[PDB]
2 protein chains.
Amino acid sequence: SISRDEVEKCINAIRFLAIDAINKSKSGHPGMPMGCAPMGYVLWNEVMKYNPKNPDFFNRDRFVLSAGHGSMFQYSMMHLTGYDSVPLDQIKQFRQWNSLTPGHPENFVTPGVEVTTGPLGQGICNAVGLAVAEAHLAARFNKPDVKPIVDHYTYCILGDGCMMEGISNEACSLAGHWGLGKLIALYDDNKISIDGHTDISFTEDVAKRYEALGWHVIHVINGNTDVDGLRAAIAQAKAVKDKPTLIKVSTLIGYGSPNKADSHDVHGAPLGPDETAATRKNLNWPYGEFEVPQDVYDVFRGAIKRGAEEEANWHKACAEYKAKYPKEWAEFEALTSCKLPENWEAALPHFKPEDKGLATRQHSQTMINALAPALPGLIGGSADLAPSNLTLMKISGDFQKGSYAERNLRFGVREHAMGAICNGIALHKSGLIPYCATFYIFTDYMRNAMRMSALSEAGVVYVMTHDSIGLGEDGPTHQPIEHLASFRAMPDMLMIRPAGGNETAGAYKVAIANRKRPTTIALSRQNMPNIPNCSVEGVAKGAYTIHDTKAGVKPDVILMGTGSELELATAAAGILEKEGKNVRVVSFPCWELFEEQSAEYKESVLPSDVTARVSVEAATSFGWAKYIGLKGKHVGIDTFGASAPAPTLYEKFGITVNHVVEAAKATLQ
Amino acid sequence: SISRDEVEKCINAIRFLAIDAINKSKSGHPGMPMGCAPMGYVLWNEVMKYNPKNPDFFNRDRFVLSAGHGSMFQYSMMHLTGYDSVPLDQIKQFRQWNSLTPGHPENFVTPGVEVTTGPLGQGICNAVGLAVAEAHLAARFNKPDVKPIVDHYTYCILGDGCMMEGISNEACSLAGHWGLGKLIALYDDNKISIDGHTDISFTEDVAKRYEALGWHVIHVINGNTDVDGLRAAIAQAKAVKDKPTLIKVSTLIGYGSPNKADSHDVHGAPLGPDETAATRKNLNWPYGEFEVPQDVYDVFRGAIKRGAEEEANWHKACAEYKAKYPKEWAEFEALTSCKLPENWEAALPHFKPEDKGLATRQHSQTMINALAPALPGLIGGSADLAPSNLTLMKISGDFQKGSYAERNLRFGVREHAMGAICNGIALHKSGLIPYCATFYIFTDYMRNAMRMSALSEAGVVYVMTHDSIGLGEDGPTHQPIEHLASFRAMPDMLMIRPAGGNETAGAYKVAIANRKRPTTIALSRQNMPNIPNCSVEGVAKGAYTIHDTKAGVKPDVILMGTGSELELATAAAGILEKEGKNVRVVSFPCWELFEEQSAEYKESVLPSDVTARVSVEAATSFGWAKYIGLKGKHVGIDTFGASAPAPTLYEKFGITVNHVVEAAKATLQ
Ligand SMILES: Cc1ncc(C[n+]2csc(CCOP(=O)(O)OP(=O)(O)O)c2C)c(N)n1
Ligand SMILES: Cc1ncc(C[n+]2csc(CCOP(=O)(O)OP(=O)(O)O)c2C)c(N)n1
Ligand SMILES: [Mg+2]
Ligand SMILES: [Mg+2]
């Protein structure tokens with residue numbers, strides 16, 4: 001193949017592409033890409049299997065840059081190996097408006113970028129999810145007497161910042177526990193973070209911690225020039241079937257810069273023109289700005305013929321499989337196509353007012369079990385709360401290292417990693433539909449991962465029980481107050497709060513339909529009735545009318561409610577009606593969906609000339625003015641809660657039928 | 001001395017007080033308290049130095065229950081040893097309205113409870129902070145010549161949940177890095193969590209991970225009956241000065257219950273009548289409901305005498321210290337009183353409009369440096385972003401194992417533990433004023449800790465820079481959108497967004513005065529002018545008027561802005577005024593403070609008959625209807641951002657002077 005001198009020229013081409021891009025943008029991070037260039041060379045030219053001309057090739061290795069600030073590293077590699085989403089012109093538009101080379105890698109913008117990173121620690125956890133998906137599909141579909149149709153590795157580059165974040169310890173505890181032997185993490189061990197040398201705050205023995213988590217650990221003491229040792233480490237990682245592998249690769253940040261290498265000044269500011277000149281001279285690099293010599297392209301652009309071959313070979317393995325296993329093939333194809341099975345929505349049961357009330361956590365359990373046999377891709381579970389959140393799929397066992405084909409994911413007390421893992425599962429783009437769960441209050445532990453589902457267009461289903469003071473005695477550390485508001489404010493997240501059976505089914509219907517946008521479902525601990533006119537379809541409208549006192553007669557006062565509080569509005573309406581008032585009750589299960597409706601629909605629910613308006617929800621008034629206006633009133637709770645039985649809490653905090661009636665009268669003047 | 005038999009009676013009294021209390025409430029967690037009773041007996045009767053009749057005794061050892069679901073354990077020990085906050089009638093009111101025995105321990109309700117737990121992992125981190133406070137004060141004030149005036153240990157009991165949470169790895173990494181030898185953590189290694197046996201999701205080698213983090217580890221294989229071994233273990237921990245110590249104590253959850261021990265069924269539900277009778281029989285306990293034998297009280301109530309004597313001996317040591325070191329004593333006394341120095345607010349600078357328009361992050365650095373000499377208790381720092389958040393106190397070094405007297409805390413990339421550690425520092429109740437910092441977007445990593453500051457009444461100052469799209473090219477993973485709304489919605493948190501120098505000084509003034517309520521301050525990356533009539537005092541009003549076209553005449557239109565966008569409102573005002581409109585501009589730095597003002601004040605700023613209202617803020621419209629109404633308009637950004645230079649982002653997303661003008665025209669109808 002080719003020489004050490006050519007390998008070195010290839011390595012330096014990665015460094016100077018990154019340097020020159022960041023000097024032109026006047027913004028970004030040259031240090032990590034300079035220190036990691038040798039790893040790039042090996043991974044892209046020699047190890048990973050991928051098709052640069054088909055970023056969606058199902059059986060490709062997955063790469064994740066968890067250290068997302070080094071985005072020029074990944075962009076350089078993609079450019080060099082011939083991805084059409086990163087031509088030279090896009091290298092020259094790093095960090096500019098509408099480029100395909102944003103400051104941190106974004107899956108939703110750049111074909112070949114698998115997940116969105118930037119928030120340290122997310123990527124490694126996304127990688128654990130990508131490896132979960134590969135292990136699961138492999139266990140479900142590979143057969144011992146033909147070539148596999150699922151067989152690929154998951155590679156992740158991460159730095160010191162990822163290693164300090166708690167979320168990465170969570171995810172990597174789970175990866176050890178699951179024995180995910182095709183996950184290979186490469187740690188850029190460069191002794192530098194933003195504050196300076198890592199000895200200022202970070203002296204732990206990372207390798208020992210990883211051994212404790214159940215990982216194999218390989219030490220590459222010279223990541224700057226030991227290409228043979230990186231080749232050997234990666235080969236050894238692949239021969240460890242049984243445990244995930246951490247390759248601790250010691251580098252100099254900004255390797256090549258004579259004056260700024262090994263300093264935090266090369267972390268995150270361009271080298272600039274004098275040091276750039278000095279680095280060119282120090283690395284013996286006579287090529288001009290953005291000039292990659294053609295012989296380096298000849299090397300890396302070899303990925304194209306290799307990638308076409310790998311993909312053709314896979315198609316042959318699939319043809320051979322399909323010949324002996326036509327039924328299993330059909331199921332594999334239908335799942336990995338990402339198309340939802342025809343009529344899956346018909347699996348959802350329906351309810352009537354006559355049916356005795358259940359908690360929406362119980363309805364949720366019903367929907368998960370109704371859907372699981374209809375949706376082969378449904379996978380997931382709770383963060384140590386299965387007997388409370390009610391999330392188990394009865395038709396499957398527990399995903400474990402003995403048993404990867406099982407579909408219940410048991411995350412333990414690891415909310416944050418759980419959300420990020422689910423992002424990886426979704427973004428494998430294999431038809432897996434991940435759901436995860438905890439008490440709604442503990443969305444606070446996993447908030448960045450949830451925001452990441454929204455930003456990266458990953459249809460993760462967040463199943464969040466015990467949604468209010470209705471949980472009772474556990475008290476204010478466990479009772480949501482600001483949570484609904486905090487999610488309504490978040491861009492591109494659906495926040496659904498169903499009242500009764502039909503609305504819970506309707507929440508799940510929205511959630512499953514939405515394969516490119518996450519849905520958070522707030523569910524009750526306590527029973528609620530099935531209220532007349534509540535419906536599956538109404539949830540899809542976001543807000544809809546469930547009661548008018550007289551057809552064709554404009555309401556005097558509009559009462560709007562969600563979840564367990566909808567019954568307070570319907571009961572208040574009956575009291576106000578018996579007095580002589582005309583009342584509309586509106587159910588408001590999903591504010592985002594309401595805002596997508598036509599102006600005429602919105603006006604049909606909340607007529608602009610009826611300004612007597614009351615909202616009822618066991619949560620803060622914050623946000624509700626959007627619908628209740630300045631002259632309206634909220635019945636809810638804006639303070640923290642308390643430790644007492646639920647019925648006492650509703651009484652003491654004034655979240656009662658009588659309060660809604662009183663507020664309505666106040667709005668009427 | 002005390003007999004082995006009598007020690008066993010004492011341990012069983014703890015078990016049955018917990019059991020009996022939980023059966024009466026019909027709610028709560030008997031399993032942990034049953035498994036951990038032997039560790040309670042040893043800690044309370046033999047190890048810890050405390051005065052049950054003075055829960056504020058400055059030199060007490062601090063205990064923290066990180067596994068806060070086992071609250072009846074702590075309440076039983078406090079009752080038995082004579083804390084007046086937990087008489088028997090309060091044990092009989094566990095989890096009931098307005099009791100001093102809430103379902104999870106709350107510092108803000110029960111004197112003697114040091115912090116609030118319930119959310120797994122918080123407590124251990126709070127313990128790291130309490131230990132940081134002791135070490136810092138001991139280094140600052142102890143002299144080699146006389147007895148110490150600061151010398152106490154920090155004990156923490158935590159379980160498997162706490163161990164699984166990433167937050168605890170973060171804080172224990174720092175505890176090891178800082179060599180906090182007076183932190184002693186007792187791990188309830190019971191192999192049980194809510195989902196069942198821990199092997200379902202948690203098989204890591206915890207002991208080896210703690211060794212990697214820099215801790216001493218001691219194994220107690222029989223925490224159920226080996227009292228001598230617990231005694232030895234704790235003694236050995238007090239003799240390792242150099243490292244924090246984890247004592248891994250294996251117990252049987254629910255020890256004593258012949259049918260429900262070692263099962264998740266004893267985790268979280270009362271034993272109930274049949275199993276309680278069976279457990280009484282199995283443990284040979286003839287005493288009735290809530291009946292603690294006289295001889296067991298005679299033992300635990302020994303704490304009263306011992307405590308009086310410990311505190312008196314401390315006073316002697318302080319009298320001896322003060323006789324030799326009058327200067328130092330006076331400083332110690334003044335700090336530790338928690339009273340702020342006379343006229344500390346005069347330290348803060350004032351600004352005029354033609355002063356150079358700095359970023360509010362630069363103004364924040366000025367305030368930090370202004371206050372550090374004036375406020376002896378100011379302590380804290382950034383999560384690896386000192387050079388970008390601009391948070392260093394120039395007059396001090398870095399807190400480290402060699403140098404505990406220094407005041408800058410260098411947290412590394414550990415936002416969540418950083419907040420919880422600060423809660424522990426503040427809640428030491430020794431006059432330390434902690435501040436901590438990251439990019440505002442990463443509040444999402446640390447959200448529960450921040451919430452616990454609010455709930456626990458800890459005046460942590462959250463210094464949060466890069467508050468918007470004004471940061472530019474790092475793009476949407478770094479750009480806040482929903483974050484101002486998400487904190488305005490949080491109970492008992494101040495969310496301040498200062499425009500200019502004076503407002504930034506004003507934000508700091510609020511934040512310092514608030515020792516019992518946290519303050520989050522959203523600060524800009526980018527420069528902004530000092531606007532005429534912006535003021536230190538106006539921040540305290542929450543919203544205030546900075547411009548009227550003509551004094552004494554009602555505005556036609558009200559423009560309200562915050563932070564970097566306030567200049568858009570002022571610039572718009574001028575344009576509207578040239579068209580003949582009378583315009584009022586209102587700066588809105590803190591919503592919570594505005595809502596504290598009188599009805600007359602609020603009406604003076606926002607007259608209820610002027611409905612033409614525009615808000616401008618580079619964040620979502622969510623929430624603003626509270627002030628803008630149904631008829632007003634918001635100029636901001638409700639979507640995620642993008643990776644480009646900041647000026648391009650403002651133009652592209654329409655956050656411009658001319659958009660505010662057109663919106664004001666639209667509201668005028
Ligand atoms: C969760 C989170 N916290 C903070 C930041 C801000 N930030 C960006 S890079 C960085 C330092 C990371 O150091 P390291 O991963 O070792 O990168 P190197 O400087 O070695 O390239 C930080 C703190 C971030 N991106 N995400
Ligand atoms: C952050 C957080 N997530 C979830 C919970 C819900 N919860 C309460 S106790 C518990 C499990 C406790 O396991 P462990 O700490 O081992 O306690 P044990 O059952 O052994 O007493 C959980 C998951 C919580 N309290 N906090
Ligand atoms: Mg580094
Ligand atoms: Mg346990």
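Note that these values count all heavy atoms, side chains included, but never hydrogens, waters or copies made by symmetry. In what follows, every chain begins at residue 1, and chains take the letters A, B, ... in the order their sequences are listed.
Salt bridge present: A/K182 and A/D151 bring a charged side-chain N and a carboxylate O closer than 4.0 Å.
In this structure a side-chain-to-backbone donor-acceptor pair under 3.5 Å is missing from B/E204 to A/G176. A/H29 contributes no side-chain N or O that, together with a main-chain N or O of A/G268, makes up a donor-acceptor pair within less than 3.5 Å. Side-chain N or O atoms of A/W215 include one that pairs as donor or acceptor with a backbone N or O of A/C172 at under 3.5 Å. Counting only distance, with no hydrogens or angles, the side chain of A/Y83 and the backbone of A/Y75 share no donor-acceptor pair below 3.5 Å. A donor-acceptor pair is defined here as one N or O able to donate and one able to accept, closer than 3.5 Å; no such pair exists between the side chain of A/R15 and the backbone of A/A37. In this structure, A/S85 contributes its side chain and A/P111 its backbone to a donor-acceptor pair below 3.5 Å. Remark: side-chain polar atoms of A/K49 are paired, donor with acceptor, to backbone N or O of A/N59 under 3.5 angstrom. A donor-acceptor pair is defined here as one N or O able to donate and one able to accept, closer than 3.5 Å; no such pair exists between the side chain of A/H219 and the backbone of A/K248. Between the side chain of A/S257 and the backbone N or O of A/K260 there is at least one donor-acceptor pair closer than 3.5 Å. Not one N or O on the side chain of A/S71 forms a donor-acceptor pair closer than 3.5 Å with the backbone of A/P105.
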Steps toward side-chain hydrogen bond (donor to acceptor under 3.5 Å, both in side chains) verdict (A/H177, A/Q400): CA-CA 8 Å; A/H177 172 75; A/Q400 304 287 1; 2.9 Å; yes
A/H152 and A/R60: CA distance, side-chain angles, deciding distance, side-chain hydrogen bond (donor to acceptor under 3.5 Å, both in side chains) verdict: CA-CA 6 Å; A/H152 58 259; A/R60 66 184 179 282; over 6 Å; no
May I have the step-by-step check of side chain to side chain contact (heavy atoms under 4.5 Å, CB included) for A/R209 and B/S173, ending in yes or no? CA-CA 10 Å; A/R209 177 152 63 77; B/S173 187; over 6 Å; no
Show, in sequence, the C-alpha distance, side-chain angles and deciding distance for A/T101 and A/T110, and conclude whether the side chain to side chain contact (heavy atoms under 4.5 Å, CB included) test is met. CA-CA 7 Å; A/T101 43; A/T110 311; over 6 Å; no
Test salt bridge (charged side-chain N to carboxylate O under 4.0 Å, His left out) on A/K401 and A/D242 and set out the steps. CA-CA 9 Å; A/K401 71 156 126 151; A/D242 56 309; over 6 Å; no
Test A/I167 against A/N448 for side chain to side chain contact (heavy atoms under 4.5 Å, CB included), laying out the working first. CA-CA 10 Å; A/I167 196 189; A/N448 183 90; over 6 Å; no
Go through the steps for B/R414 and B/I421 under the test side chain to side chain contact (heavy atoms under 4.5 Å, CB included), then give the verdict. CA-CA 10 Å; B/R414 309 176 179 101; B/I421 283 164; over 6 Å; no
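A/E170 places none of its side-chain heavy atoms less than 4.5 Å from the side chain of A/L174. No side-chain heavy atom of B/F411 sits less than 4.5 Å from a side-chain heavy atom of A/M164. The closest side-chain heavy-atom distance from A/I194 to B/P387 is below 4.5 Å. Contact annotation: the side chain of B/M418 never approaches that of B/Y445 to less than 4.5 Å [non-hydrogen atoms, C-beta and beyond]. Within the 4.5 Å cutoff, no side-chain heavy atoms of A/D195 are placed close to those of A/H264. Side-chain contact check for A/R451 versus A/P119: every heavy-atom pair is 4.5 Å or farther apart. In this structure, A/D160 and A/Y187 have side chains that are in contact, with non-hydrogen atoms separated by less than 4.5 Å. Side-chain contact between A/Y50 and A/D61: absent, with no pair of heavy atoms (C-beta onward) separated by less than 4.5 Å.
In this structure, A/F300 CZ and A/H79 NE2 are separated by 10.5 Å, a value rounded to the nearest 0.5 Å. How far CE of A/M39 is from CG of A/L230: 7.0 Å, rounded to the nearest 0.5 Å. Here the CG atom belonging to A/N423 is positioned 10.0 Å from the CE atom belonging to A/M450, to the nearest 0.5 angstrom. Atoms CD1 and CD, from A/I234 and A/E46 in turn, are 9.0 Å apart once rounded to the nearest 0.5 Å. Atom-to-atom distance recorded for A/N224:CG and A/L252:CG is 5.5 Å, nearest 0.5 angstrom. Here the straight-line distance linking atom SG of A/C125 with atom CE of A/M452 works out to 11.5 Å at 0.5 Å rounding.
The heavy-atom pair separating B/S382 from B/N389 by the smallest distance is OG-ND2, 2.7 Å. Of all the heavy atoms in A/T279 and A/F16, the pair that sits closest is O-CZ, 3.8 Å. The minimum heavy-atom distance between B/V128 and B/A171, with the atom names listed, is CG2-O, 3.8 Å. When all heavy atoms are compared, the tightest approach of A/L432 to A/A133 is CD1-CB, 3.6 Å. Contact between A/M34 and A/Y255 at its shortest, heavy atoms only, is CE-O, 3.3 Å. Closest approach of A/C162 and A/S66 over heavy atoms only: SG-OG, 3.2 Å.
Heavy atoms of other residues, nucleotides or ligands lying less than 6.0 angstrom from NZ of A/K429 number 12 at most.
In terms of the ring-ring contact (aromatic ring centres under 6.0 Å, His included) criterion, residue partners of A/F57 (sequence neighbours excluded) are, by chain and number, A/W314.
Between A/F63 and A/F73, the ring planes are tilted. Angles from 30° to 60° get that label.
Between B/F399 and B/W178, the ring center distance clears the sub-6.0 Å criterion. For B/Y210 and B/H216, the ring centers sit 6.0 Å or farther from each other. Residues A/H69 and A/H104 place their aromatic rings such that the two centres sit no closer than 6.0 Å.
Screening A/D189, A/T198, A/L246, A/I124 for a side chain to side chain contact (heavy atoms under 4.5 Å, CB included) with A/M163, the sole residue that qualifies is A/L246.
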